[PDB]
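Written below as structure tokens is the structure these notes are about.
Cβ atoms come from the backbone with ideal geometry, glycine included; neighbour counts cover every protein chain shown. Only the coordinates and a few stated rules stand behind these numbers; no lab work does.
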Amino acid sequence: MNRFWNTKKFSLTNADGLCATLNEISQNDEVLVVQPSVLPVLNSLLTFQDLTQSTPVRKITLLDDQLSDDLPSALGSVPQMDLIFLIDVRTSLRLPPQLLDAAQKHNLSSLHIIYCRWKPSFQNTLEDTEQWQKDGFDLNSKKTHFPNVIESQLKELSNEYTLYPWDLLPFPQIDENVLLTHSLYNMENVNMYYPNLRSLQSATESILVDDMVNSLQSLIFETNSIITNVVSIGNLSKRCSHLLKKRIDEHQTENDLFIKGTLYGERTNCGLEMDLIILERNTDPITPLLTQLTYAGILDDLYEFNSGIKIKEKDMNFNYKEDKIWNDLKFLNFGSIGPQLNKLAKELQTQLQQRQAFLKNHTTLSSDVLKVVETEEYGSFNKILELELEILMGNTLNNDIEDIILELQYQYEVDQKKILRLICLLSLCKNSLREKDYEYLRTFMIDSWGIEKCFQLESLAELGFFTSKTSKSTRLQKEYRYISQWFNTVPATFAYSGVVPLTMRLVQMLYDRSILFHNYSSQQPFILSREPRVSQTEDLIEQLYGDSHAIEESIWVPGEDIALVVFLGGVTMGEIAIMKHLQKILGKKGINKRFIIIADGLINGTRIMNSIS
Amino acid sequence: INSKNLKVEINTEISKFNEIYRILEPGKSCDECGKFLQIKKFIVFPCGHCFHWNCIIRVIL
């Protein structure tokens with residue numbers, strides 16, 4: 001807020017707007033009807049008690065076909081004032097049929113709905129006071145617009161179209177530092193980047209990039225920032241950067257270009273820098289599939305977080321704004337939790353009961369997790385780690401891989417997803433697999449897991465995960481054993497099998513070429529540069545991607561620090577753990593910066609496997 | 001006598017006016033150019049006016 005990104009301050013605006021709208025609906029007893037996908041987000045913002053006390057609504061429901069049978073049971077009952085639906089139409093451009101069938105059948109006499117949208121900063125605070133009646137109606141907005149958007153398909157029943165545009169802007173839930181935008185799923189639980197229908201990839205990609213650009217524009221115009229340097233990586237990031245630049249340069253108002261002349265300008269500057277490094281998940285498919293070792297990573301891949309940051313099996317919330325025990329243990333390694341918990345418990349003995357309840361709950365949950373790690377296919381949780389560590393450095397032999405893949409297939413029972421992920425990593429690590437092993441691996445797969453597995457192994461065999469030795473979308477076509485020489489991923493590191501992520505070193509090289517100095521270096525343009533630059537580092541990335549055009553460096557202004565590292569394609573939460581380590585080590589070395597990680601939705605190995613199915 | 005008194009008063013006023021400017025700059029300031037006073041120079045006049053030493057020379061030209 002006001003050039004200082006007070007992230008928690010973003011939370012209040014959405015709640016205030018929703019409360020004002022709901023209280024301005026009607027001063028009676030209201031019943032709320034909320035879409036299943038958006039409800040968890042709303043509950044993570046407004047508590048039930050606050051919702052009841054602030055506005056006279058007293059009931060919340062869900063959009064389901066069960067309501068059709070309950071139309072004469074639930075909808076017929078209550079209905080003290082009216083029914084206020086809440087829908088999300090930001091993606092999939094289609095209203096759910098539930099409201100369509102309920103409107104005509106139950107014959108509601110008052111239809112009011114709520115639709116979500118990003119904040120229209122271009123409205124610039126209603127533009128003063130309409131310029132004293134538009135200086136004699138010199139400007140007007142009647143019919144100066146298309147008749148309807150998306151909701152033009154709603155042209156049935158009555159004219160009760162009291163729409164209400166509730167505003168929404170990103171706010172942090174999992175942690176103070178990192179915000180999160182939900183644009184990676186539809187209402188049908190289909191991945192927005194890896195859809196299970198290989199006929200409409202291009203449109204889905206365009207829609208995703210458009211929505212991401214819209215969210216970034218909303219945040220940028222809300223915070224009143226001036227981007228100075230852009231480091232785009234990949235193909236889609238190029239289009240995203242160009243579209244964002246065009247949209248910023250088109251829709252910006254006046255009274256700020258004048259400031260753009262005063263600040264920065266010609267022959268002078270004021271020492272303000274913001275960076276917009278952008279990456280794509282397809283660039284490095286090496287590390288969304290490794291096993292998590294941090295506490296929240298282990299707790300995540302065994303029990304999937306929903307849209308809200310909570311879990312079904314437990315009841316206590318993991319929100320950071322009311323508890324401090326979770327703050328200091330979320331990103332620590334699993335091994336260093338026990339003794340720390342023992343010390344925390346023993347120090348309080350000499351020494352309010354809410355802390356006791358919190359520590360008891362944490363101890364019980366940790367004990368349950370430790371118990372469930374073992375005795376549940378004992379040794380698998382470690383065996384996969386040793387196998388992954390062996391594969392990453394490279395120890396594959398002639399036809400011996402077929403012996404170990406089925407070694408744990410039925411000796412220890414294991415899910416399909418683990419095997420599929422491991423074989424994908426095997427096929428991806430060597431950057432190529434010969435033509436004499438697919439004929440056996442695919443045969444065994446189709447033998448053991450049905451007939452539909454052939455379709456999965458065919459569809460997944462074109463995104464780059466499952467390739468054969470015999471508009472490129474920026475795949476990776478270089479052996480990984482080479483990358484272990486330029487970079488020092490395998491020696492400082494946690495949340496993995498002792499391996500540094502590839503994105504980690506990719507962002508490291510932009511500011512300090514130390515590891516690149518040890519290997520493949522005789523001269524460098526610099527050793528410590530404050531501004532992001534890319535020079536004399538083309539050939540290494542020319543062979544790494546097959547084209548010396550993936551790297552893009554853009555300077556916008558002609559002539560401590562906020563860096564916006566967005567993530568198009570999900571964030572593997574282990575990267576968040578190493579981001580803090582990067583910030584700490586860079587601050588120690590001398591360069592002081594602050595990182596904000598924009599995420600389109602948490603991504604994880606198993607969560608990917610159901611996507612392409 | 002009146003001329004002598006007037007000359008004495010004028011000399012006293014001139015002597016008093018020396019090193020008694022005590023003009024003040026407001027929190028943030030600018031004029032004529034519009035951009036910012038504190039970027040080029042501080043050509044300041046009485047009755048609250050500000051110039052860049054460049055806008056003024058542009059005006060006279």
Distance in nm between label sites at A:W556 and B:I56, each 7 Å beyond Cα in the beta-carbon direction? 3.8 nm
Assigned charges on the beta-carbon of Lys, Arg, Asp, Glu; the range A:424-552 dipole about Cα centre (debye): 300 debye
What percent of all Cα-Cα pairs in the range A:151-213 falls into each 5 Å bin, going from 0 up to the bin containing the maximum distance? 3, 12, 16, 15, 18, 15, 14, 6, 1, 0
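What FRET efficiency would be calculated for the residue pair A:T470, A:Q543, taking the C-beta separation as r and a Förster radius of 25 Å, to the nearest 0.05?
Details: r = 20 Å, r/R0 = 0.79.
FRET efficiency, A:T470 to A:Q543: 0.80.
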Simple SL model, points at 7 angstrom along Cα→Cβ for A:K314 and A:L100; separation in nm is 4.1 nm
In deg cm²/dmol, rounded to the nearest 500, the helical mean residue ellipticity at 222 nm of chain A, built from -39500 (n - 2.57) for every DSSP H run of length 4 or more, is -11500 deg cm²/dmol
7 Å from Cα along Cα→Cβ at both A:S459 and A:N189: what's the point-to-point distance in nm? 1.6 nm
When A:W118, A:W556 are ranked with the fewest other C-beta atoms within 10 Å first, the list becomes A:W556, A:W118
Rounded to the nearest 0.05, what FRET efficiency do A:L154 and A:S68 give with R0 = 22 Å and r taken as the Cβ-Cβ distance? Could you check? 0.75
Any chance you could list P(r) for the range A:514-613, counting all Cα-Cα pairs in 10 angstrom bins from zero, rounded to whole %? 11, 29, 41, 17, 3, 0
Expressed to two decimals, the range A:200-314 has a Cα Rg over Rh, using the Kirkwood radius, of 1.09
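What do you get for Rg/Rh of the range A:249-406 when both radii come from the Cα atoms and Rh is the Kirkwood radius? Can you show the working numbers first?
Values: Rg = 24.6 Å, Rh = 21.2 Å.
Ratio of gyration radius to Kirkwood radius: 1.16.
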Under the Kirkwood approximation applied to all pairs of distinct alpha-carbon atoms, what is the hydrodynamic radius of the range A:327-400 in Å? 15.4 Å
Can you work out the Karplus-derived ³J(HN,Hα) for every residue in the range A:97-107? Use 6.51 cos²θ - 1.76 cosθ + 1.60 with θ = phi - 60°, whole Hz, and x for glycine or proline. x, 4, 5, 4, 6, 6, 5, 6, 6, 6, 6
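Kindly state, to the nearest 0.05, the FRET efficiency for A:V414 paired with A:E250, given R0 = 35 Å and r defined as their beta-carbon distance. Can you show the working numbers first?
Values: r = 54 Å, r/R0 = 1.54.
After rounding to 0.05, the efficiency reads 0.05.
Find the Cα radius of gyration of the range A:356-496, compare it with 2.2 N^0.38 Å by division, and give the number to two decimals.
Working: Rg = 18.6 Å, N = 141, 2.2 N^0.38 = 14.4 Å.
For the range A:356-496, the normalised Cα radius of gyration comes out at 1.29.
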Which whole-percent values make up P(r) of the protein assembly as shown when all C-alpha to C-alpha distances are grouped in 20 Å steps starting at zero? 14, 41, 32, 10, 3, 1, 0
In terms of the charge dipole of the range A:397-516, which places +1 on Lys and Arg and -1 on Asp and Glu at the beta carbon, the residue among A:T443, A:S459, A:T474 farthest towards the positive end is A:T474
May I ask for the equivalent-ellipsoid semi-axes of the range A:20-129, computed as the square root of five times each C-alpha gyration tensor eigenvalue and listed largest first in whole Å? 25, 18, 15
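Can you list the trypsin sites (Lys or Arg not before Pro) in the range A:77-158 that are in a DSSP coil and have 15 or fewer other beta carbons within 10 angstrom? Let's see the in-between values first.
Numbers: sites: A:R90, A:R94, A:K105, A:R117, A:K134, A:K142, A:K143, A:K155; in loops: A:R90, A:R94, A:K142, A:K143, A:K155.
Passing both the DSSP loop test and the Cβ count: A:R94, A:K142, A:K143, A:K155.
Please sort by residue number the chymotrypsin sites (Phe, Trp or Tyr not before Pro) in the range A:1-62 whose DSSP state is loop and whose Cβ has at most 16 other Cβ atoms within 10 Å.
Values: sites: A:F4, A:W5, A:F10, A:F48; in loops: A:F4, A:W5.
The qualifying sites are A:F4.
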With +1 on each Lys and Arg Cβ and -1 on each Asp and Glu Cβ, and nothing else charged, work out how big the dipole of the protein assembly as shown is about its Cα centre, in Debye to the nearest 20. 2340 debye
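Assuming a ≥ b ≥ c are the square roots of the Cα gyration tensor eigenvalues, decide whether the range A:102-186 counts as rounded (a/c under 1.5), prolate (otherwise, with a/b larger than b/c) or oblate. Mind showing how you got there, number by number?
On the way: a/c = 2.52, a/b = 1.04, b/c = 2.43.
It is oblate, given that a/c is not under 1.5 and a/b is not larger than b/c.
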Pairs A:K310/A:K453; A:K9/A:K119; A:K330/A:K584; A:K59/A:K119; A:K119/B:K35; A:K312/A:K371: which are spaced more than 21 Å apart, C-alpha to C-alpha? A:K310/A:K453; A:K59/A:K119; A:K119/B:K35
Among DSSP bridges having both ends in the protein assembly as shown, what percentage is antiparallel? Round to the nearest 5. 25 percent
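Once you have a ≥ b ≥ c as the square roots of the Cα gyration tensor eigenvalues for the range A:105-248, tell me rounded if a/c is under 1.5, and otherwise prolate or oblate according to whether a/b is larger than b/c.
Values: a/c = 1.85, a/b = 1.18, b/c = 1.57.
Here the range A:105-248 falls in the oblate category.
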Over the Cα atoms of chain B, Rg to Rh with Kirkwood Rh, two decimal places? 1.21
Suppose a student asked you for the relative contact order of chain B, using Cα pairs under 8 Å spaced at least 6 residues apart; what percent would you report? 21 percent
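Just counting partner chain Cβ atoms within 10 Å, what average do the residues of peptide A:201-210 show around their Cβ? Each step should come with its number before you reach the end.
On the way: counts 0, 0, 0, 0, 0, 0, 0, 0, 0, 0.
Counting other chains' Cβ atoms within 10 Å and averaging over A:201-210 gives 0.
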Report the GluC sites (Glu not before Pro) located in the range A:208-268 that are in a DSSP loop and have at most 16 other Cβ atoms inside 10 Å of their Cβ, or state none. A:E254, A:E266
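When a/c is below 1.5 the answer is rounded, else prolate if a/b is larger than b/c, else oblate, so apply that to the range A:79-127 with a ≥ b ≥ c taken from the square roots of the Cα gyration tensor eigenvalues. If you can, show how the numbers build up before the last one.
Numbers: a/c = 3.85, a/b = 1.77, b/c = 2.18.
Here the range A:79-127 falls in the oblate category.
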Nearest-20 debye value, the range A:103-168 charge dipole, Cβ charges on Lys, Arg, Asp, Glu: 340 debye
